[PDB]
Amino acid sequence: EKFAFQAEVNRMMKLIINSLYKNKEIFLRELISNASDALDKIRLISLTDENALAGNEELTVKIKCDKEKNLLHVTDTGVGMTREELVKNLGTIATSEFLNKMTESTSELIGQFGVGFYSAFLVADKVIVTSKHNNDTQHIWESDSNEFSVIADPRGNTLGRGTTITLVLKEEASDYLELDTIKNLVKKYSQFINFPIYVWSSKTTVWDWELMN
């Protein structure tokens, strides 16, 4: 259940963390970007499988703040990941030219190599990935960066299909819990995205999904 990061991933996480120290906001750009990709992947799959979207009729990104529990949730209803995929796609990488371009901006570089997930550790002490893939049951990937574990989700299939990224925010990254801030940041980083992105918001005092693009 417990796993070690591959060396290159450790180096990569460091390079990422040690080059975007200034513009931390990028983590949210990249998570929204990967969320879109997940939906693309499942839409494509839906072209040749009418049963592809059975676990969830919708194709969205839902973002939820939990100021109280110090958590930020980003949930796509994309393709999701199987257990094996969690262990492989988040624990290794398929690359070393990337690690040399990185040393010699660099926010555009991680975006290009599709490896911006790890930027989440810029604002989080622990990162949790809850994922339901059509071919598998719901599993959970957790890491504080020093290792990771993948477990079967005891709650069963709550996602229907897809992925929630959950960030336990750092002391200094509390700013990103304010609904003001996240609405603002998603507005910015979600224009080019063509799936709907909602933020769970407060209107006059009620709560519902609010569309941001």
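Numbering starts at 1 and follows the sequence shown. By rigid core we mean the largest C-alpha set that fits within 1.5 Å across both forms.
After a core fit, the C-alpha atoms in 9 other deposited structures of this protein lie farther on average from the shown form in one of 82-90 and 123-131, namely 82-90. Of 72-80 and 114-122, the stretch whose C-alpha atoms sit farther from the shown form in 9 other deposited structures of this protein, after fitting on the rigid core, is 114-122. The records show that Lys101 is omitted from the coordinate set of at least a third of the other eligible entries of this protein. Where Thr204 is followed by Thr205 in the displayed chain, the model omits 4 to 9 of the deposited residues that sit between the two. Unmodelled stretch separating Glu104 from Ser105: 4 to 9 residues (count of deposited-sequence residues without coordinates).
As the entry records it, the average C-alpha temperature factor is higher for 111-119, out of 138-146 and 111-119. 59-67 and 32-40 differ in mean CA B-factor, and the higher of the two is recorded for 59-67. The residue among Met81, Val87, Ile93, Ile128 whose C-alpha atom has the highest B-factor in the PDB entry is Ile93. When the C-alpha B-factors of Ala152, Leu167, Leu177, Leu47 are read from the PDB record, the largest value belongs to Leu177. Among the modelled residues of its chain, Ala173 has a C-alpha B-factor that falls in the middle third, as given in the PDB entry.
Ranked against the other modelled residues of its chain, the C-alpha B-factor of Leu53 as given in the entry falls in the middle third. When the modelled residues of the chain are ordered by their C-alpha B factor, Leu20 lands in the highest third.
Sort the modelled residues of the chain by CA B factor and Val9 lands in the middle third.
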